[PDB]
Amino acid sequence: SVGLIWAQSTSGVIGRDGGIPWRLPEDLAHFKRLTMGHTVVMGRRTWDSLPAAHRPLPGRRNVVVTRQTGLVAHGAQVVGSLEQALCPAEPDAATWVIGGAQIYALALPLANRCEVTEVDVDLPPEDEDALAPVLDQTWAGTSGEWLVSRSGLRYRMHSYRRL
Ligand SMILES: NC(=O)c1ccc[n+]([C@@H]2O[C@H](COP(=O)([O-])OP(=O)(O)OC[C@H]3O[C@@H](n4cnc5c(N)ncnc54)[C@H](OP(=O)(O)O)[C@@H]3O)[C@@H](O)[C@H]2O)c1
Ligand SMILES: CCc1nc(N)nc(N)c1OCCCOc1ncccc1N1CCC(C(F)(F)F)CC1
Ligand SMILES: [Cl-]
């Protein structure tokens, strides 16, 4: 059972300049709660983007997807494909794919749940941005209310399940 979890601007941006181009503490808390104790699968660029204090993510089984043979990711398990990441030698009840755009596209056919934070931030996409997946008609969801962050941004959470 594989879920994707991401935060996106309403315009669909998830990443810029090797990071996330807004600050949304309530999203960090949401992400922390959903993933603690579970497996988190990420692309190598997302692994390299992590803040020092969260590389690896504490209290979670970190898995990093790369084409590099012999890459070492201290504190994580390195695998060579998303399929390998979803075939662990030690099964986990809950596996979360935590980005980025390349790994989400590989993961979406294998997933049955998406947890999406939508951020009302004016971010006209730029040419090198990482963009969110778009969920087609095989997905249906439920939306929480629009809330205001202590940071000032409006945001809301969506939960999708494969039909
Ligand atoms: N807003 C959010 O929720 C969120 C979440 C996560 C990340 N982000 C942002 O998104 C950006 C990073 O995303 P990204 O799309 O650029 O990168 P990414 O998906 O995190 O990682 C890409 C890397 O994954 C590996 N990879 C990709 N396809 C593969 C395949 N078929 N087999 C094996 N390895 C494969 C490659 O690593 P190698 O080059 O090592 O071979 C590739 O360079 C950053 O800006 C980050 O801050 C945002
Ligand atoms: C939070 C950002 C986030 N939101 C949702 N809803 N889905 C995600 N897939 C996601 O991206 C997680 C991987 C990238 O993560 C970060 N990128 C930049 C800055 C900070 C982080 N975080 C902070 C929390 C930290 C902790 F370990 F505490 F969880 C992990 C690193
Ligand atoms: Cl944490």
Side-chain angles (χ1 to χ4, degrees), residues 2-22 24-82 84-87 94-111 113-121 123 125-135 141 143-144 147 149 151 153-160:
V2 180
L4 281 54
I5 181 168
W6 75 86
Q8 63 171 82
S9 71
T10 293
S11 67
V13 176
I14 69 166
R16 171 177 301 172
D17 199 17
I20 296 175
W22 61 79
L24 185 51
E26 293 83 358
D27 175 67
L28 264 70
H30 172 70
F31 174 85
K32 282 158 83 169
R33 296 184 295 248
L34 280 178
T35 62
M36 180 59 93
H38 302 302
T39 297
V40 291
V41 172
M42 70 202 92
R44 196 270 308 155
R45 291 180 71 165
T46 292
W47 170 252
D48 284 359
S49 77
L50 293 168
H54 290 121
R55 192 172 183 258
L57 286 82
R60 298 162 181 92
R61 186 168 70 168
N62 290 234
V63 177
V64 178
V65 186
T66 180
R67 297 196 178 83
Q68 296 183 61
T69 51
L71 175 69
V72 172
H74 287 300
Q77 171 182 6
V78 170
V79 300
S81 68
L82 184 84
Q84 287 175 31
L86 305 182
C87 296
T95 298
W96 289 97
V97 171
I98 66 166
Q102 302 183 29
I103 265 36
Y104 290 136
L106 295 178
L108 193 64
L110 308 174
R113 168 181 194 184
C114 294
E115 295 293 336
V116 181
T117 305
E118 179 184 1
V119 189
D120 182 1
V121 56
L123 273 191
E126 298 180 340
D127 295 0
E128 294 175 35
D129 287 349
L131 307 183
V134 176
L135 299 181
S143 295
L147 302 170
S149 176
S151 87
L153 296 176
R154 292 171 54 85
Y155 72 97
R156 60 173 179 181
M157 279 63 174
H158 308 273
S159 307
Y160 299 89

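Atoms considered below: every heavy atom in the structure, side chains included; atoms not considered: hydrogens, waters and symmetry mates. Just so you know, ligand 1 is whichever comes first in the structure, and atom 1 is the first atom listed for that ligand. Positions are given from 1 along the sequence.
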For atom 13 (C) of ligand 2, which of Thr35, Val97, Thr117, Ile98 has the closest heavy atom?
-> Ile98
Of all the atoms in ligand 1, which lie at a distance below 4.0 Å from a heavy atom belonging to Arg44?
-> 21 (O), 23 (C), 24 (O), 37 (O), 38 (P), 39 (O), 40 (O), 43 (O)
Taking only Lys NZ, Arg NE, NH1 and NH2, and the carboxylate oxygens of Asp or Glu, determine whether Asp48 and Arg55 approach each other closer than 4.0 Å.
-> yes
Under 3.5 Å, is there a donor-acceptor pair linking the side chains of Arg61 and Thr39?
-> yes
Nitrogen or oxygen atoms of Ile5 and ligand 2 under 3.5 Å apart | yes
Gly43 heavy atoms, cut-off 4.0 Å: which ligand 1 atoms fall inside?
-> 18 (P), 20 (O), 21 (O), 24 (O)
Measure the distances from the heavy atoms of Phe31 to every atom of ligand 1 and state whether one is below 4.0 angstrom.
-> no
Compute the minimum heavy-atom distance from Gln68 to ligand 1 and say whether it is under 4.0 Å.
-> yes
Would you tell me which option among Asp27, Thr46, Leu34 has the nearest heavy-atom contact to atom 4 (N) of ligand 2?
-> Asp27
State the atoms of ligand 1, each with its element, that fall below the 4.0 Å cut-off from a heavy-atom position in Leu106.
-> 28 (N), 29 (C), 30 (C), 31 (N)
Is the closest side-chain donor-acceptor distance between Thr117 and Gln8 under 3.5 Å?
-> no
Contact partition for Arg16 relative to ligand 1, non-hydrogen atoms under 4.0 Å | backbone
Near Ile20 (heavy-atom distance under 4.0 Å), the atoms of ligand 1 are 1 (N), 2 (C), 4 (C), 47 (O), 48 (C)
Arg60 neighbourhood, listing ligand 2 atoms whose heavy-atom distance to it stays under 4.0 Å | 27 (F)
What are the atoms of ligand 1, with element, lying closer than 4.0 Å to any heavy atom of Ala101?
-> 13 (O), 14 (P), 15 (O), 19 (O)
Under 4.0 Å from any heavy atom of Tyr104, which atoms of ligand 1 are there?
-> 3 (O), 5 (C)
Taking only heavy atoms of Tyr104 into account, list the atoms of ligand 2 that are under 4.0 Å away from them.
-> 9 (N)
Would you indicate which of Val40, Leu57, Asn62 comes nearest to atom 30 (C) of ligand 2 when only heavy atoms are counted?
-> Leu57
Can you figure out which of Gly100, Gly19, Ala130, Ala7 has its heavy atom closest to atom 46 (C) of ligand 1?
-> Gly19
Nearest non-hydrogen atom to atom 28 (F) of ligand 2 belongs to which of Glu26, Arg33, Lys32?
-> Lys32
Please confirm whether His30 comes under 4.0 Å of ligand 2, counting heavy atoms of the residue only.
-> no
To atom 5 (C) of ligand 1, the nearest of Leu131, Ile14, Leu71, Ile98 on a heavy-atom basis is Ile98
Identify whether the distance between the nearest side-chain nitrogen and carboxylate oxygen of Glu126 and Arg16 falls below 4.0 Å.
-> yes
Which ligand 1 atoms are under 4.0 Å away from a heavy-atom of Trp6?
-> 3 (O)
Atom indices of ligand 2 within 4.0 angstrom of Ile20 heavy atoms, with elements = 2 (C), 17 (N), 18 (C)
